[PDB]
């Protein structure tokens, strides 16, 4: 049996993102997987890293160091419940799919805050204690991203550069750093400009891909995969 967490960051259930999230739930559910969705906007998920993320009293109340305090809070079971509820989902998951629209060559802020606050020292990594020594090894992650820009813009000599270039902070600096094996990204380019046929194509590619997702090997999450040449 396999467990999947979908971390979903779109405001609108009728959106293209919503449909990709819903086809993932439908297909993984059909396969008999255990499926959980964190719908961040619906949850009004807190993005800001603040001292409210620690319950009780601080490791150093005179000078606030978010990383130190959250690490100590993790070890002492004193993190805020919104964070520990997400950590439980991640701990249980074999695969974490992130479904989002590209905002400024990155994730929407609400999802950036999920990464900042949920993947804390002691849970996802230690110092030292990262990349292959990270704490989420064994797990798979997958970025399912939609863009405004066309595929052709996202080439080496296109205006936006290769799409792999923007993946680096997410794939390498975040997911690989925490120990995930990273499956190849799903990138659904420019659905707002696409026709209905093409947008079905994209949804159906994704549903089709999901049928065999458990048979994929991860990408080599290297500086060479992203940039090289």
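Residue numbers count along the first chain shown, from 1. If you superpose the two forms and keep the largest set of C-alpha atoms that fall within 1.5 Å, you have the rigid core.
- After a core fit, the C-alpha atoms in 9 other deposited structures of this protein lie farther on average from the shown form in one of 32 to 40 and 50 to 58, namely 50 to 58.
- Root mean square Cα distance to the shown form, taken over structures and residues in 9 other deposited structures of this protein after a core fit, is higher for 130 to 138 when 130 to 138 and 102 to 110 are compared.
- The mean Cα B-factor in the deposited entry runs higher for 149 to 157 than for the other of 149 to 157 and 89 to 97.
- Stretches 219 to 227 and 2 to 10 differ in mean CA B factor, with 219 to 227 having the higher one.
- Note on 29, 186, 38, 57: the highest value goes to 57, judged by CA B factor as recorded.
- Each of 172, 48, 52, 199 has a CA temperature factor in the record; the biggest one is found at 199.
- When all modelled residues of the chain are sorted by CA temperature factor, residue 25 is found within the lowest third.
- Residue 137: CA B factor in the highest third of modelled residues in this chain (values from the PDB entry).
- Placement of the Cα temperature factor of residue 194 within the chain: highest third of the modelled residues, per the deposited record.
- Ranked within its chain, residue 63 lands in the highest third, by CA B factor from the PDB record.
- Ranked by Cα temperature factor within the chain, residue 122 sits in the highest third according to the deposited record.
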